[PDB]
**Q** 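Pasting a structure here, questions to come.
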Amino acid sequence: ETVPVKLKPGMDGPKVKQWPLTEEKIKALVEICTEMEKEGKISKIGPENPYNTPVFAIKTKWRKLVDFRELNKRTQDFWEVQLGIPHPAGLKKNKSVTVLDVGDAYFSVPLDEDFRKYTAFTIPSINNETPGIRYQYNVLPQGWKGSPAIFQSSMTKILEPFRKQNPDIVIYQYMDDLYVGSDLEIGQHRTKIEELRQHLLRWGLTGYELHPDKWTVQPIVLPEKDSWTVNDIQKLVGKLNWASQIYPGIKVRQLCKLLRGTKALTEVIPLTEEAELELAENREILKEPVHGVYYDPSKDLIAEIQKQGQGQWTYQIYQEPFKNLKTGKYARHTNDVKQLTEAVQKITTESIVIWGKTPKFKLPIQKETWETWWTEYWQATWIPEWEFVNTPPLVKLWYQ
Amino acid sequence: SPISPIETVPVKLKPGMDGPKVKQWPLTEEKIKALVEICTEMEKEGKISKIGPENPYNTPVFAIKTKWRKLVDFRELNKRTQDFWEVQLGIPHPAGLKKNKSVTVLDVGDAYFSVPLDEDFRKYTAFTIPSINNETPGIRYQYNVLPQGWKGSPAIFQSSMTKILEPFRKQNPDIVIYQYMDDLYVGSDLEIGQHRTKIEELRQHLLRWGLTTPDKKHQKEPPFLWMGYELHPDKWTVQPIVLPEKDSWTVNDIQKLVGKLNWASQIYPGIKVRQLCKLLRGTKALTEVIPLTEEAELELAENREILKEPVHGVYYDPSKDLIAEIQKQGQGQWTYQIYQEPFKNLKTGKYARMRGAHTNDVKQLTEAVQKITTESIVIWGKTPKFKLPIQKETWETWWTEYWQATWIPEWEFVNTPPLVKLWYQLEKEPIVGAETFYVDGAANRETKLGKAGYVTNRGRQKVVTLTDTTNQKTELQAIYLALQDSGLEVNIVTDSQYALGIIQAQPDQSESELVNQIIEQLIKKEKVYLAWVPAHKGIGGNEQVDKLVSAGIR
Ligand SMILES: NCc1cc(Cl)cc(Oc2c(Cl)ccc3c2nnn3Cc2[nH]nc3ncccc23)c1Cl
């Protein structure tokens, strides 16, 4: 018995263009889809289905990735409020969190007949030889936020003996993945994951290891200097001027005093003691969390990334600009696009662990280069929302 | 003519909408007679069927002229019919075609009329031949087949042709079949005999499903004229391009010239269109004569020379890699050629784009690489190997220091001048024994009057008044002043992120003449260090320029 799925009123299904795919990805998808069809998971469709969702291939085995971003936004009432999955606050406090792919579970649950048309996707051909190969889903699709929402009840039943036997193990389902946390020693943790895989293995379903307790802030670092130049104080005042827009209690009055008259940039200007007091007092505030900043569940999360050079990237997560919920850094035969996708995926997984939702990314790359290359390195089964931004020149050095 | 026994495509109207009920306008006797003759003939062929008066839907009919044709106005029905999936997401490019031993063109005869319409949807296609004047009830018909001018026809036909071709495709994987509108383009590497036989097997499989195709004597011979292209057995080209000789060029003639040159640009290398396009800038009428500028005349002449002798492209060999070569032509103009075997181009193209107001050759080159990469994935399903007029060192220096994630796939330097370079570079640290200029600009929002100036550590000073200005313009003007009065080495301190931002990206070309003047200065300089400070915080020299430029302004 299929659960009926109703779209958000006033808006209809997704009509998103399929991106050009290489020959190897097309052939990989044709092979996958021929197989799913024989198994009745998907069916070939007619032209009377005007809907479309993009499809991609990722990795040694090729796997299908359906971009349900638009369908998910259009079904938000269903998966978020109607059939919401509660996020545990304890997960971010665990010594180890193991991420397990549980997407194969969804293929055993039939999709509501009157919702299937909205899961439409096309396999394109090279040089437009043939019209695309069109399919729709007959079962809960991987990548659609409604799939874990519907499967919720079956997941609870599967995990019930395990949860009863392990009361201090946190299990969170987000999209196609299970997040399993414990404060156990690494060996005992890995032993309990194998036990859970055995439980999953009895219902069909078949890792990636995080350490959230070791996740720490990227404080705005103020230099430690032997001798300070006019240029160094100027760099320091701008950096402090901006940190004061986010942190309660920052002061620059004493440091600003030093900058009197029109001086040469290289002039070594001997420091004071009250200026030294400011530095140390600001340093103290900079290492601690931001006072008065709390996550609002009704608001979207934003992630900002800056290229810092030498394979280093900085990022900030916020809901209101300046108001940082989390800051961090990512460090690397790796290119900028490969480094950027790795950072996006790392920031998303931390965001899932901490808030139970993905951020919208502000990416310092050209829309087109990102659109051509992102899949070459993408490894997750989810895709966050993203925008293309032109990184302001000073945000970079203030986060350096 | 047959009507395919294929399964019908279920069609629906848009939710909350009923079929059309649009009144038939009284027709002339000659029009009524013409329609009656047309309709009785289509009814006998199975195309339409007579209906009772119980059906409340109606679409208007018209007839136009020794033969007459029936025009059905499906505008109302089309507005009420559901949306269909897009027919094709692109059109095949000749350069993506592989060379086959034999290829034949099969056009399907009376395509839409050869495929049935959803029985439950036929009622909405109802039309009336009016009787002479008001008088008596009209003759009523509904369609049994896909009507011409109906929304769903292109999609339903294509979908029907796909379901039909399916079993034939499975049992013949070494046969290429292109689906284009009501045509089939069929290619194989079999010797004449078994190709002619496979064509007959195809034709016969098609007739079993209601579709008629031409036979050996009626089927077209190469070169195939198709979509402005010429497809020969060993090469392809664009159809003849004739650039008119005119005494006076109108907007319409220039627009037609640009379209022709753009079309030729796919296979003829070096085609330029920048100077011809510039003429189309402004509020100018279709028939308004535009005098050709010197540059437009020069560009026209260069193009006539390129087009003088015929140029062809070759077909794709899937075993070889694709090589893409790019050259800088000038004023934001780039040109490229794609080949597999040195100098036998599969295709050519051009790139010219203003991606912002301020740019450089390094950014333009990456934009052209991305545009070519996209195109290769569409045409060939693979990215090409690039040969670029930029040194690995220039690229490495640029990618490393730029704020944006930028990447070029597998490439090699090729010494084809003009080479792509960075014209200047900003210092990383303040210069010792160089004058520090503190710059500022201020502009009054009501009067649009502004001031640009500088105070130095060497006690120097200047203030210039500006008339129809903006804060941004004054801040850039202030940087220009400092650059003009400094000599070989400078340290500049601005409170403008906007100005800092532009200069840091190392532009070499701009839409702003002021930015171009700043550029021509930066190039001349030996060393420039540019720094930023927050405004109105009482910072050193910044507070001093602020008072100077603010006087009589803010
Ligand atoms: N209707 C245009 C048309 C458009 C499209 Cl997009 C495809 C078409 O059909 C071809 C096929 Cl099926 C295969 C190779 C082709 C084709 N066309 N050119 N070449 C390369 C080629 N190989 N061998 C040839 N022999 C003769 C002519 C071209 C030849 C046709 Cl005719």
Side-chain angles (χ1 to χ4, degrees), chain A residues 20 23 124-132, chain B residues 87-109 111 154 157-158 161-162 164-166 168-203 205-206 211 213-240 263 266-267 310-320 322 338-341 344-347 375-381:
Chain A
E23 181 174 19
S125 67
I126 298 146
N127 202 31
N128 299 282
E129 35 227 25
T130 70
Chain B
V87 179
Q88 288 269 183
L89 287 308
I91 88 112
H93 193 283
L97 303 168
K98 296 152 194 78
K99 195 181 149 182
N100 275 291
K101 242 145 170 63
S102 40
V103 345
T104 57
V105 164
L106 296 179
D107 52 273
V108 173
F157 177 79
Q158 185 242 270
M161 176 62 97
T162 291
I164 292 169
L165 291 169
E166 190 203 324
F168 190 95
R169 288 190 148 128
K170 265 76 238 70
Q171 70 201 227
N172 301 111
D174 306 317
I175 284 141
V176 198
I177 309 158
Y178 281 89
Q179 278 171 258
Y180 186 75
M181 294 200 199
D182 55 0
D183 291 358
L184 286 187
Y185 313 128
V186 191
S188 78
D189 275 326
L190 315 161
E191 353 68 65
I192 258 304
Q194 44 204 93
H195 182 247
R196 288 166 181 249
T197 290
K198 274 288 157 190
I199 292 317
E200 281 313 306
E201 184 188 321
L202 218 213
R203 291 202 50 228
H205 166 72
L206 291 153
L211 314 169
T213 50
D215 54 25
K216 190 83 236 297
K217 47 258 180 72
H218 299 105
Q219 65 198 40
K220 296 183 198 80
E221 273 188 349
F224 305 114
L225 296 328
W226 178 83
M227 302 276 303
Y229 301 109
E230 236 167 75
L231 301 154
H232 300 76
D234 307 299
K235 66 191 197 297
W236 71 266
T237 195
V238 289
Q239 282 173 38
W263 188 258
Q266 297 182 74
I267 200 47
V311 171
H312 63 263
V314 295
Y315 299 121
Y316 176 59
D317 177 351
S319 55
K320 310 194 276 227
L322 297 146
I338 291 152
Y339 62 81
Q340 288 186 300
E341 189 183 332
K344 296 203 288 143
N345 299 334
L346 271 80
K347 80 170 304 278
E375 182 179 72
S376 306
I377 297 163
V378 175
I379 308 176
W380 302 291

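All values below come from the heavy atoms of this structure, side chains included, with hydrogens, waters and symmetry mates left out. Protein chains get the first letters and strands the later ones, always in sequence-line order, with residue 1 at the start of each. Indexing begins at 1, ligand by ligand and atom by atom, following the structure's order.
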**Q** Just to be sure I understand the cut-off, which residues have at least one non-hydrogen atom under 4.0 angstrom from an atom of ligand 1?
**A** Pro92(B), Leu97(B), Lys98(B), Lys99(B), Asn100(B), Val103(B), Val105(B), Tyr178(B), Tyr185(B), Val186(B), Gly187(B), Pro222(B), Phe224(B), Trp226(B), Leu231(B), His232(B), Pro233(B), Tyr315(B)

**Q** Would you call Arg203(B) and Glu200(B) a salt bridge, taking side-chain N to carboxylate O under 4.0 Å as the test?
**A**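 Yes, charged N to carboxylate O under 4.0 Å.
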
**Q** If you compare all heavy atoms of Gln340(B) against all heavy atoms of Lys320(B), which two are closest, and at what distance to 0.1 Å?
**A** NE2-O, 2.9 Å

**Q** In Å and rounded to the nearest 0.5 Å, what is the CG to CD distance from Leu225(B) to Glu230(B)?
**A** 6.0 Å

**Q** Answer with yes or no whether the side chains of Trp226(B) and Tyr180(B) bring together a donor and an acceptor at under 3.5 Å.
**A** no

**Q** Apply side chain to side chain contact (heavy atoms under 4.5 Å, CB included) to residues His93(B) and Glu375(B) and explain how you reach the verdict.
**A** CA-CA 10 Å; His93(B) 193 283; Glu375(B) 182 179 72; over 6 Å; no

**Q** Please report the closest heavy-atom contact between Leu165(B) and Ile177(B), naming both atoms and the distance.
**A** CD1-CG2, 4.0 Å

